[PDB]
Amino acid sequence: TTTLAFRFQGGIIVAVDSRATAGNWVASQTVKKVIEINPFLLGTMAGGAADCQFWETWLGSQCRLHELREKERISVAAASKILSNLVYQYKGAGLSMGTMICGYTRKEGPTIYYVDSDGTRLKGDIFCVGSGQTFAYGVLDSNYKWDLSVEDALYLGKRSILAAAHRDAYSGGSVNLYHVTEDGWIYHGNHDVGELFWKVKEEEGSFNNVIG
Amino acid sequence: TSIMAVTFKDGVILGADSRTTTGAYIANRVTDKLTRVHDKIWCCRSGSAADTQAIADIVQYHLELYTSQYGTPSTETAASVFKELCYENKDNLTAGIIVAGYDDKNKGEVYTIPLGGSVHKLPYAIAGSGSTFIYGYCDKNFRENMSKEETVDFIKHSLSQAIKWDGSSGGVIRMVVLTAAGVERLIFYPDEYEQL
Amino acid sequence: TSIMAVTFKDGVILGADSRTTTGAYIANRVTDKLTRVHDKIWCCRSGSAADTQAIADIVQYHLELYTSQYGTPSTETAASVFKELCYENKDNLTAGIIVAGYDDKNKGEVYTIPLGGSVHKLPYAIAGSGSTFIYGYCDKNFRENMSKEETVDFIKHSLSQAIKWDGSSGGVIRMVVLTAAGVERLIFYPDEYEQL
Amino acid sequence: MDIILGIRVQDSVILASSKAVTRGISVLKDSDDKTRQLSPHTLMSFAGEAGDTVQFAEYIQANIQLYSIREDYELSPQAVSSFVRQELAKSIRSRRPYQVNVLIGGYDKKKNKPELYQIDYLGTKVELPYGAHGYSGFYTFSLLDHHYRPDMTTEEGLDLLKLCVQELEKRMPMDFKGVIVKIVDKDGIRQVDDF
Amino acid sequence: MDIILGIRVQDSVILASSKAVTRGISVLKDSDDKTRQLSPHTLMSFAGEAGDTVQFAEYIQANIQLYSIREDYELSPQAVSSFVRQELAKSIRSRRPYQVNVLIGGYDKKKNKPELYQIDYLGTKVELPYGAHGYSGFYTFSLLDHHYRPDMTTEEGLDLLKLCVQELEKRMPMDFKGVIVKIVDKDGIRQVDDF
Amino acid sequence: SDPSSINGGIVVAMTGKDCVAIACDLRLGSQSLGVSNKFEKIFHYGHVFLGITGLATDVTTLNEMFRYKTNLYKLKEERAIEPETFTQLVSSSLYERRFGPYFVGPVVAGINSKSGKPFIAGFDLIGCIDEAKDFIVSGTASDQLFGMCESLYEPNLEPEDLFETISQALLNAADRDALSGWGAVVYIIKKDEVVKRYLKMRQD
Amino acid sequence: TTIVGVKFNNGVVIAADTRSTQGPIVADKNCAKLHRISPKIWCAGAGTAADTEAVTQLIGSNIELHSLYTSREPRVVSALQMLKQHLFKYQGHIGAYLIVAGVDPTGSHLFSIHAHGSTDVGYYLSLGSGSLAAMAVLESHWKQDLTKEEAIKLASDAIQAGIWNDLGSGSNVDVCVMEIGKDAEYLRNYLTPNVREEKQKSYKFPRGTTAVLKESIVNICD
Amino acid sequence: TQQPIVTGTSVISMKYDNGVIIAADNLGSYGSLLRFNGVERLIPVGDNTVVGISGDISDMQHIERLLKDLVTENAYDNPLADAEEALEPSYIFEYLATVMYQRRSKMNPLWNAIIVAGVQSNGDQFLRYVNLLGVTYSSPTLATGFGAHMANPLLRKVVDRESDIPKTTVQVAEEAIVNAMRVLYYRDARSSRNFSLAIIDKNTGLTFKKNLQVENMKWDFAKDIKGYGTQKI
Amino acid sequence: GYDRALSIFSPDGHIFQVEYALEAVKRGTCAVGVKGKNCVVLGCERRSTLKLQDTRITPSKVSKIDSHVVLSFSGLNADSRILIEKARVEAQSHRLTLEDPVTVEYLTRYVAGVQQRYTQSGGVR
Amino acid sequence: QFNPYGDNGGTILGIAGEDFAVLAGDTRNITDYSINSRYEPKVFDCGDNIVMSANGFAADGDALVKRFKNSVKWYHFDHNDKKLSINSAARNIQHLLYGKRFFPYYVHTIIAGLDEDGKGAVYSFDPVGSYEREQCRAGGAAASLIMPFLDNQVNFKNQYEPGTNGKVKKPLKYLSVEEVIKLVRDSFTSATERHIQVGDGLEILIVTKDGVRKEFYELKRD
Amino acid sequence: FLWX
Amino acid sequence: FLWX
Amino acid sequence: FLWX
Amino acid sequence: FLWX
Ligand SMILES: [Mg+2]
Ligand SMILES: [Mg+2]
Ligand SMILES: [Mg+2]
Ligand SMILES: [Mg+2]
Ligand SMILES: [Mg+2]
């Protein structure tokens, strides 16, 4: 799996692949690795499919109970720390989860938290998580600026997953794009790597390693 | 260890060797492996000395409390209590026990309880490491409704062979006779049984 | 497996069960475990079927070449060749072999060769998994200078018990009689020996 | 040993190789050249097990130098790579195999073409426009997939390489103390002193 | 986590803590603060197992902050260190022990003296003029044995610390992405922004 | 550390009406890392075609070994080796390394020049011959290829139809395997012409 | 795999199934497990497919050279001795389980050989994963003084037991009849009781369905 | 986590037109030692069910006690205990199946393979299998241990599918079972000659047969077997 | 454990133990809260029947729960300590999990929740 | 040591149409190389127009189906006989599976039915309860054989419009119940040929708004 | 068990 | 390997 | 691994 | 560890 989330002038970009594997068997190419917790909160999934899917769905229930009890949308910090405190209780039991909690609130602004199953919780501007994280980092880091336009940032996020989808055997299927603004998350479509690769290769003139 | 119990006309006889071993060292050469759980219910102990003593002590306790409330327990009842302990704690016990008793209704009865904790009612039973060597001999020689002198000879000759071939068996041959007459202890020394 | 050889007045008799097993499956129920290495030198094979066949084939080769040069080999010579192979290759062989032969000078002779590769000359020998159950019976019943009919009964009754108690032994009881008269093959079926 | 990169451009092959030699919790040296010149127009970078790397490199170097003297002729990069692969392919089924991974950058004077060969310790040979060994590939391959063009100049190739070293210095856990860069072209082998 | 140093000088305690957070072959972050303020004049740096480090630090922070509110009084550095040791000493014989090593730098306002405590995950406490955790000690202890004087100023202490970071950047295998430096004195805790 | 599934890759061969087809993917990787998208697994010695899946160092070594052997064969026999004979040579050569084998799944394909009969065969790493009328499969997605071939295949397909069937068999099998794909090549083999086609497939 | 040998009055018959497996996958639905050591000595093999084929060909080759050297038709006991000595030498590492049968100047013979080099004599034998299914049928129906037509029926019935009840065995029944004073007749696919039913649909694709990047003529000629 | 000590071997069974047959030998093995020769491994529950048990005998004796206790409990406050509310084979099986799966799930299994043979109140044949893992399956023929490998092939030649059951008589079915028991005696090294057989018929009811013996055995051909190849004497 | 239901309903629908607790509050020294435009002020009465007191060490009537919230009270002094301690712990627990100090409403809602629990828990007044 | 898991083999297959859905499974139950049953159904009507199969370890499979059937019963009791929607069933099963996260159910689960818009739905689950709605899913031993065929024939993967230069894909369209049953029957006959744990019989459960219909077809018994 |  |  |  |  390859998931990235990075922060820029125009908000947060979240991009994920859609591949699920059982060793070298490709189980699915149509997996939703982004959970929409609420209109201003996104969760990314990497590692154990069941572990991520169950606990990030559960996190959504805890975030709903918070806004019922406190009459106020939960902070990204508090939401991330519910999940990090949960997995820390299971530490050593063998949960496998690599997760980014991405969202906007008034008090915080655009915020990204990395949370994994050994209990690590980090705030940061750029994260790539999954088997293909290094491939995504390579393209993302070498092209990343704070002053990217919403159009350019969306493309760089999409191009960084495509990069990993290509090289990493355990990443691919399609790219799912999200843009998080002060007004909440906006879905920017499902992009099949089948068509996207050839479209990018032709238009960009990249991927010269491949027989055109 | 070599232990056996044989039913006959007048009741039942229990026989055993007298040797306890750690490795190839004989820790005790005059062991009493024939132990009383009730006036006319006795058992032969094989396997772990610690485990068999702990089990026998508990069974004696249960049958003493049984006797206080419901009078003399059957040999079947005694075997059932042994089984219950052996079966329910099979993971933590190494105890092969032969239960032998004399009722006045049921006469002589023998129950064998192997490692599993299963119960088997038999005309006679053999157990312990030395038993392997006398399956052939005991099967060919055992008859039902033997006399006391015949049964004593059968046990003496049987354990004599078991002791001869098994390094883990040796010393004296102890026997316990259970009849209407009462309880009789018998002992046979090497100088007698070796040259049978 | 259950195998034995017994010396008597007129020579020696070899007996064996007929069962070959992989685990608890009986691969062959009519196995011939009595094998000729010379006209009047035979052996009983126990342990690995592959190992015992390879050894027996080599010994037969050595004694055939011995006969070509120095005439009929002694039973002791045959046992010595078996020992040499078993001892020098002890790390790679699982073979318990009983060597039995008839000279006219030495009469009936039995040599047993356990796993170690050691040689033991005995009046009679028993080996294989089933032998454990008949040590007691065989020791009590064996006499020296028995008749042919007595020795055939002794072997039949002995292997009958071994077969009864050992899962690894079964099928028919094969026997081979070695006397001055010559070589006689005997077979006994379950319907006969089971109800002894 | 750890980081060895290779980029074939229009008219040359560029090999970048990390300078760090680490043993335990000590960087023993920060100026190590992980390369041998096999012939005037063929360069081999190497990474893997300590001792094995240099022993294997110098053994290959000696054999190619012997061939050069005997025939008074320089073996093609394709020929050298095929020889090196076969040595490793023998090695892997030896008592103690060479645990050495190599890049072979050469300029074929007959074809007037740069050639880059990537060979692992099993004897797995591939001709590539760009290659890497160890963990370096996990960053550099996706980066080069994007930025690499086949008609680039040596100067463009060096800028593309700077982009790789910057990415590795950012995201690699270990300090590899920068790289020694060497260019293989029609005029032979020369070292970039300021990188 | 990896590098945490501490130097007690005349009038202050200085804690240096590496900024790198590495998992696998990826440096995830290069700006991580491996410290919590327990009280206005007590700072604790921490290094060890992922998750355990922050969970343990914040747990101690919460308990010291609770004591401060209850008694309207700041616990002495000696008192805080004794509390932290006992928590680790309990931990080590737990089902899953905290694998966290800590330095506690504090200024005792009653004694007008800086104090540095080194505590490992077993609950082994020592007061030191200078301390380190992990492999850092193998370089810094011998260096400080030489260059350290007990009557040094905060500026001298920072130069002595620069000498340690330079030595670690030279000889340590891993890139720890520099250090965050914090001073604990009579005026409380402040961070040096340019190091 | 399973030699047969480090590099990855697949080969499939099919028979048609007076024709044979052999196809392979182009991926060479080091487990998760894709390294080369040009690594062909099908070679030919005269009119006999050999595809080899498994450990890539052995794929290269065996190709070089069979080129060597078929070259000496031709010099001594004064004729090109036939598929049936080459099959026996492959089997001999693999079983020579019985207790130290090449970690490969070779596939022979070609038309006997004398009889004109289409011929395909497969082997295990130890040299056991698997002869088939219909199709042979090999590699990391052999399960997938068995499923595709057993459903899609019908006898006596024309060269142009057989091309579609083998291509769809390889493509759909490769897309369900992580270590296979990254491009594909299909050889259509008639009595005295051979067409080689590179397929367009998803590059993940 | 299921292989059997059955003796009758004037000869011996061996039969086998035609399934080859790689783990749970059927590699070959119609492979030949019946091998000719010599014209009138045939071999049925179970275990490692290459090992049974290689050991069969090697002894078959050496038996042909021995036959030419001695100017005599080869004997089953010769094939048996050479096989068991070879298999013993490799301490079971050559995983060949064989039923050796044939007719020679001495008469008709039926033996089994295990990978470790043990040999067994019998009137009926079975080896392989389906040996217990086959041996059940043989133990139920076998009698002394079988005819040719009875022995073929018994042998094929014993294989069928393996085909149906054993997952290791399947497809067809190969038979070889070795009768004294006659040529051995090899009956390849004697029974074919597992014919694939007509498919519901033709999956013949419309021409041009597959996307193509490049075409080129390959040069096979000199 | 157990290891079985005293064990019983194959239990074999099949359906016929009117009911079911089940059989099992009377041996309690102690590894390779054929220790106990008087062991009954068929346990009738009422007049319409027989439970055949293989595996550990101590665990078998425990299951005996559970079934004995089930009959007692069923009779409690039950005027129709010997009529409409009598224990069915399906009830007895589902109880055992529940226990077996609960014990495997607690990592402390009853080390047994169990076949429940009986006739339901509506005259339907009941035959179903359960083992130490709690795995259950039904088939016209069922067998445990060596029986699965050697008995089933022979019994499936009589009843190959459902449609063959009405065509199979009790004479034909019993003959097949008795033949299978002989084959198992030839080839299973932990089997005995002595066995028990039970027929549950929807007309004649439960017929329990004790002290049966394998007979009409072929051993004569053994006399002709000499050596392992070359030996002629 | 002591289980008795001490707080129960009376026929007229009153819980006398809760109403008698209010009488204890009415007995307690006066406490006043006045919130201005940019501040809150807590005023507290201290009864003057106690001279020879030590005002340095005597528990102060206004308690800090956190650095930004205070709690004054009227009624049983010993009871107040238990509420203050619980509130102070919940204040630190909130900072630890929400990474933000409590609101005054949240801290109030917690203290109120504790008081309520003791009106329908067995064995407690 | 006691191993609490086993493999009972077999394979299952779910396809979703426009106004219907099918869940097919072979009726063979095996352990190792032995056939336990030739007809042991593992595709169950659970009520509320939901069909379910849990293929793998039959004991864990039966346990799960039993618990879900029981879950449906209590949903009716607790929510005024409300119909359990296929999406709601799927989420309930996730919680059942994930409940045993640290001692898993060793089964692959597929449910089929109609969504609340009356359109065909298939949901598939991993052993610990990760789930996903799909048009298409094979599960069990022969999943790796069948799934790529379904990709090609149901979702028309790698199929381009003839003469469009591999630029225009073959358009997605719903299949008729007649066309879907053809693909199921061909999928299973193909799987039976090449997988030893698949055969004996095929049982299909078809779900329309009218209810749950069954169809049975013979498969090869070798 | 799937992984992502 | 392929088995038979 | 035939035994006797 | 005494046995009997
Ligand atoms: Mg990929
Ligand atoms: Mg026996
Ligand atoms: Mg310390
Ligand atoms: Mg792929
Ligand atoms: Mg099949």
# chains A, B, ... in the order shown; residues from 1 in each chain; ligands from 1
$ interface_residues --of "chain H" --to "chain G" --cutoff "12 Å" --atoms "only C-alpha atoms" --output "PyMOL selection string"
chain H and resi 146-157+160+175-188+216-232
$ residues_around --residues "residue 189 (chain C)" --least-positions-apart "3" --cutoff "9 Å" --atoms "only C-alpha atoms" --output "ChimeraX atom specification"
/C:171-173,192-194 /H:219-220
$ interface_residues --of "chain F" --to "chain A" --cutoff "8 Å" --atoms "only C-alpha atoms" --output "short mmCIF file (atom, residue, chain, number, x, y, z; two decimals) with N, CA and C atoms, in the first residue's frame"
data_model
loop_
_atom_site.label_atom_id
_atom_site.label_comp_id
_atom_site.auth_asym_id
_atom_site.auth_seq_id
_atom_site.Cartn_x
_atom_site.Cartn_y
_atom_site.Cartn_z
N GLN F 31 11.99 -8.98 -5.19
CA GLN F 31 10.76 -9.05 -4.36
C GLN F 31 9.85 -7.87 -4.75
N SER F 32 9.62 -6.91 -3.85
CA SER F 32 8.64 -5.79 -4.04
C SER F 32 9.14 -4.82 -5.12
N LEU F 33 10.45 -4.57 -5.17
CA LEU F 33 11.09 -3.58 -6.09
C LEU F 33 11.07 -4.13 -7.52
N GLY F 34 10.37 -3.45 -8.43
CA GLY F 34 10.51 -3.64 -9.88
C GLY F 34 11.80 -3.01 -10.36
N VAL F 35 12.63 -3.76 -11.10
CA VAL F 35 14.01 -3.33 -11.51
C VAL F 35 14.04 -3.10 -13.02
N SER F 36 13.57 -4.06 -13.81
CA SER F 36 13.61 -4.04 -15.30
C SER F 36 12.24 -4.39 -15.88
N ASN F 37 11.83 -3.67 -16.93
CA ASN F 37 10.56 -3.87 -17.68
C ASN F 37 10.90 -4.24 -19.14
N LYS F 38 12.05 -4.90 -19.34
CA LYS F 38 12.57 -5.33 -20.67
C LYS F 38 13.10 -6.77 -20.60
N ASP F 175 -2.36 -9.73 -14.04
CA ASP F 175 -2.99 -8.60 -13.31
C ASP F 175 -3.47 -9.06 -11.93
N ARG F 176 -3.51 -10.38 -11.69
CA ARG F 176 -3.87 -10.97 -10.38
C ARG F 176 -2.61 -11.46 -9.65
N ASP F 177 -1.42 -11.16 -10.18
CA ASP F 177 -0.12 -11.51 -9.54
C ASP F 177 0.75 -10.25 -9.40
N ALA F 178 1.28 -10.02 -8.20
CA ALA F 178 2.07 -8.83 -7.82
C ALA F 178 3.43 -8.85 -8.53
N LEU F 179 4.03 -10.03 -8.67
CA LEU F 179 5.43 -10.20 -9.16
C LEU F 179 5.48 -10.40 -10.68
N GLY F 183 4.45 -5.38 -18.80
CA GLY F 183 4.62 -5.62 -20.25
C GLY F 183 4.59 -7.11 -20.56
N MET F 201 -0.36 -3.62 -21.69
CA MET F 201 -1.01 -4.05 -20.42
C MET F 201 -0.72 -3.01 -19.33
N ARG F 202 -1.55 -2.99 -18.28
CA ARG F 202 -1.43 -2.05 -17.14
C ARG F 202 -0.04 -2.21 -16.50
N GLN F 203 0.58 -1.10 -16.11
CA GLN F 203 2.00 -1.03 -15.67
C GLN F 203 2.07 -0.81 -14.16
N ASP F 204 1.41 -1.69 -13.38
CA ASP F 204 1.45 -1.70 -11.89
C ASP F 204 1.59 -3.15 -11.40
#
$ interface_residues --of "chain I" --to "chain E" --cutoff "8 Å" --atoms "only C-alpha atoms" --output "PyMOL selection string"
chain I and resi 64-67+85+88-89+92-93+96
$ select_by_dssp --residues "chain I" --states "strand (DSSP E or B)" --output "PyMOL selection string"
chain I and resi 31-35+40-44+63-64+70-71
$ write_last_selection --atoms "N, CA, C and O atoms" --output "PDB file, in the first residue's frame"
ATOM      1  N   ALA I  31     -20.639  32.279  50.268  1.00  0.00           N
ATOM      2  CA  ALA I  31     -19.737  32.397  49.099  1.00  0.00           C
ATOM      3  C   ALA I  31     -20.503  33.090  47.967  1.00  0.00           C
ATOM      4  O   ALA I  31     -21.676  32.726  47.733  1.00  0.00           O
ATOM      5  N   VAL I  32     -19.865  34.059  47.307  1.00  0.00           N
ATOM      6  CA  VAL I  32     -20.484  34.880  46.227  1.00  0.00           C
ATOM      7  C   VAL I  32     -19.560  34.881  45.005  1.00  0.00           C
ATOM      8  O   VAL I  32     -18.327  34.947  45.182  1.00  0.00           O
ATOM      9  N   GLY I  33     -20.162  34.789  43.817  1.00  0.00           N
ATOM     10  CA  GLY I  33     -19.488  34.902  42.511  1.00  0.00           C
ATOM     11  C   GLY I  33     -20.120  36.009  41.690  1.00  0.00           C
ATOM     12  O   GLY I  33     -21.355  35.991  41.526  1.00  0.00           O
ATOM     13  N   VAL I  34     -19.310  36.962  41.223  1.00  0.00           N
ATOM     14  CA  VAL I  34     -19.742  38.092  40.349  1.00  0.00           C
ATOM     15  C   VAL I  34     -18.791  38.148  39.152  1.00  0.00           C
ATOM     16  O   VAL I  34     -17.574  38.303  39.379  1.00  0.00           O
ATOM     17  N   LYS I  35     -19.323  38.017  37.934  1.00  0.00           N
ATOM     18  CA  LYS I  35     -18.513  38.067  36.690  1.00  0.00           C
ATOM     19  C   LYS I  35     -18.737  39.429  36.025  1.00  0.00           C
ATOM     20  O   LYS I  35     -19.907  39.816  35.834  1.00  0.00           O
ATOM     21  N   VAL I  40     -13.889  37.484  36.448  1.00  0.00           N
ATOM     22  CA  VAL I  40     -14.810  36.922  37.479  1.00  0.00           C
ATOM     23  C   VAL I  40     -14.145  37.113  38.843  1.00  0.00           C
ATOM     24  O   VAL I  40     -12.907  36.985  38.920  1.00  0.00           O
ATOM     25  N   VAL I  41     -14.944  37.418  39.867  1.00  0.00           N
ATOM     26  CA  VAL I  41     -14.479  37.604  41.272  1.00  0.00           C
ATOM     27  C   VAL I  41     -15.255  36.635  42.164  1.00  0.00           C
ATOM     28  O   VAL I  41     -16.497  36.622  42.080  1.00  0.00           O
ATOM     29  N   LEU I  42     -14.537  35.850  42.969  1.00  0.00           N
ATOM     30  CA  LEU I  42     -15.113  34.933  43.986  1.00  0.00           C
ATOM     31  C   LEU I  42     -14.860  35.519  45.378  1.00  0.00           C
ATOM     32  O   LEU I  42     -13.685  35.569  45.797  1.00  0.00           O
ATOM     33  N   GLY I  43     -15.929  35.965  46.046  1.00  0.00           N
ATOM     34  CA  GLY I  43     -15.908  36.433  47.445  1.00  0.00           C
ATOM     35  C   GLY I  43     -16.384  35.344  48.389  1.00  0.00           C
ATOM     36  O   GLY I  43     -17.349  34.642  48.032  1.00  0.00           O
ATOM     37  N   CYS I  44     -15.733  35.207  49.547  1.00  0.00           N
ATOM     38  CA  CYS I  44     -16.009  34.149  50.555  1.00  0.00           C
ATOM     39  C   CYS I  44     -16.014  34.746  51.966  1.00  0.00           C
ATOM     40  O   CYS I  44     -15.104  35.534  52.288  1.00  0.00           O
ATOM     41  N   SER I  63     -10.236  27.309  45.773  1.00  0.00           N
ATOM     42  CA  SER I  63      -9.247  26.294  45.326  1.00  0.00           C
ATOM     43  C   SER I  63      -9.056  26.399  43.812  1.00  0.00           C
ATOM     44  O   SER I  63     -10.069  26.525  43.095  1.00  0.00           O
ATOM     45  N   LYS I  64      -7.802  26.355  43.354  1.00  0.00           N
ATOM     46  CA  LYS I  64      -7.452  26.219  41.917  1.00  0.00           C
ATOM     47  C   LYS I  64      -7.654  24.755  41.511  1.00  0.00           C
ATOM     48  O   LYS I  64      -7.107  23.875  42.202  1.00  0.00           O
ATOM     49  N   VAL I  70     -11.079  28.092  38.893  1.00  0.00           N
ATOM     50  CA  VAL I  70     -11.125  28.075  40.385  1.00  0.00           C
ATOM     51  C   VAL I  70     -12.489  27.549  40.834  1.00  0.00           C
ATOM     52  O   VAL I  70     -13.461  27.650  40.057  1.00  0.00           O
ATOM     53  N   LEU I  71     -12.537  27.021  42.056  1.00  0.00           N
ATOM     54  CA  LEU I  71     -13.751  26.452  42.691  1.00  0.00           C
ATOM     55  C   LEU I  71     -13.807  26.932  44.143  1.00  0.00           C
ATOM     56  O   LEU I  71     -12.899  26.574  44.919  1.00  0.00           O
TER      57      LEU I  71
END
$ residues_around --residues "residue 3 (chain I)" --least-positions-apart "2" --cutoff "12 Å" --atoms "only C-alpha atoms" --output "PyMOL selection string"
chain I and resi 1+5-7+120-125
$ residues_near_ligand --ligand "ligand 2" --cutoff "7 Å" --atoms "only C-alpha atoms and all ligand atoms" --output "PDB file with N, CA, C and O atoms, in the first residue's frame"
ATOM      1  N   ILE C 163       2.696 -61.924  18.577  1.00  0.00           N
ATOM      2  CA  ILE C 163       1.733 -61.431  17.545  1.00  0.00           C
ATOM      3  C   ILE C 163       0.496 -60.840  18.238  1.00  0.00           C
ATOM      4  O   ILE C 163       0.035 -59.760  17.803  1.00  0.00           O
ATOM      5  N   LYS C 164      -0.015 -61.522  19.268  1.00  0.00           N
ATOM      6  CA  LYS C 164      -1.278 -61.167  19.972  1.00  0.00           C
ATOM      7  C   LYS C 164      -1.164 -59.772  20.593  1.00  0.00           C
ATOM      8  O   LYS C 164      -2.142 -59.007  20.504  1.00  0.00           O
ATOM      9  N   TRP C 165      -0.022 -59.475  21.217  1.00  0.00           N
ATOM     10  CA  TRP C 165       0.194 -58.262  22.049  1.00  0.00           C
ATOM     11  C   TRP C 165       0.813 -57.129  21.224  1.00  0.00           C
ATOM     12  O   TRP C 165       0.504 -55.964  21.525  1.00  0.00           O
ATOM     13  N   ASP C 166       1.651 -57.450  20.236  1.00  0.00           N
ATOM     14  CA  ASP C 166       2.361 -56.440  19.409  1.00  0.00           C
ATOM     15  C   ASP C 166       1.535 -56.146  18.152  1.00  0.00           C
ATOM     16  O   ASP C 166       1.237 -57.100  17.403  1.00  0.00           O
ATOM     17  N   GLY C 167       1.181 -54.874  17.942  1.00  0.00           N
ATOM     18  CA  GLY C 167       0.498 -54.393  16.727  1.00  0.00           C
ATOM     19  C   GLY C 167       1.392 -54.520  15.505  1.00  0.00           C
ATOM     20  O   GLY C 167       0.864 -54.749  14.403  1.00  0.00           O
ATOM     21  N   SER C 168       2.706 -54.385  15.696  1.00  0.00           N
ATOM     22  CA  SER C 168       3.725 -54.387  14.618  1.00  0.00           C
ATOM     23  C   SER C 168       3.968 -55.812  14.100  1.00  0.00           C
ATOM     24  O   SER C 168       4.530 -55.940  13.004  1.00  0.00           O
ATOM     25  N   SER C 169       3.546 -56.842  14.835  1.00  0.00           N
ATOM     26  CA  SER C 169       3.679 -58.267  14.430  1.00  0.00           C
ATOM     27  C   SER C 169       2.301 -58.837  14.074  1.00  0.00           C
ATOM     28  O   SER C 169       1.307 -58.428  14.706  1.00  0.00           O
ATOM     29  N   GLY C 170       2.248 -59.744  13.095  1.00  0.00           N
ATOM     30  CA  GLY C 170       0.999 -60.400  12.668  1.00  0.00           C
ATOM     31  C   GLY C 170       1.173 -61.234  11.416  1.00  0.00           C
ATOM     32  O   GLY C 170       2.324 -61.471  11.010  1.00  0.00           O
TER      33      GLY C 170
ATOM     34  N   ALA H 189      -2.701 -52.161  11.578  1.00  0.00           N
ATOM     35  CA  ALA H 189      -1.813 -52.781  12.591  1.00  0.00           C
ATOM     36  C   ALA H 189      -2.345 -52.541  14.014  1.00  0.00           C
ATOM     37  O   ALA H 189      -1.841 -53.202  14.944  1.00  0.00           O
TER      38      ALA H 189
END
$ residues_around --residues "residue 97 (chain B)" --least-positions-apart "2" --cutoff "10 Å" --atoms "only C-alpha atoms" --output "PyMOL selection string"
chain B and resi 3-4+43-47+52+55-56+79+82-83+86+94-95+99-100+111-115+117+119+126-128
$ interface_residues --of "chain J" --to "chain K" --cutoff "8 Å" --atoms "only C-alpha atoms" --output "ChimeraX atom specification"
/J:126-128,130
$ write_last_selection --atoms "C-alpha atoms" --output "PDB file, in the first residue's frame"
ATOM      1  CA  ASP J 126     -11.135 -11.701   4.857  1.00  0.00           C
ATOM      2  CA  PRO J 127     -10.844 -14.039   7.911  1.00  0.00           C
ATOM      3  CA  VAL J 128     -10.737 -11.107  10.455  1.00  0.00           C
ATOM      4  CA  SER J 130     -12.187  -6.523   6.324  1.00  0.00           C
TER       5      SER J 130
END
$ residues_around --residues "residue 49 (chain F)" --least-positions-apart "5" --cutoff "8 Å" --atoms "only C-alpha atoms" --output "ChimeraX atom specification"
/F:22,42-44,108-110
$ atom_distance --atom1 "CA of residue 48 (chain A)" --atom2 "CA of residue 143 (chain F)"
24.8 Å
$ residues_near_ligand --ligand "ligand 3" --cutoff "9 Å" --atoms "only C-alpha atoms and all ligand atoms" --output "number ranges by chain"
E: 101-102, 118-126, 131-133
$ residues_near_ligand --ligand "ligand 5" --cutoff "8 Å" --atoms "only C-alpha atoms and all ligand atoms" --output "ChimeraX atom specification"
/G:167,170 /J:191-200,220-222
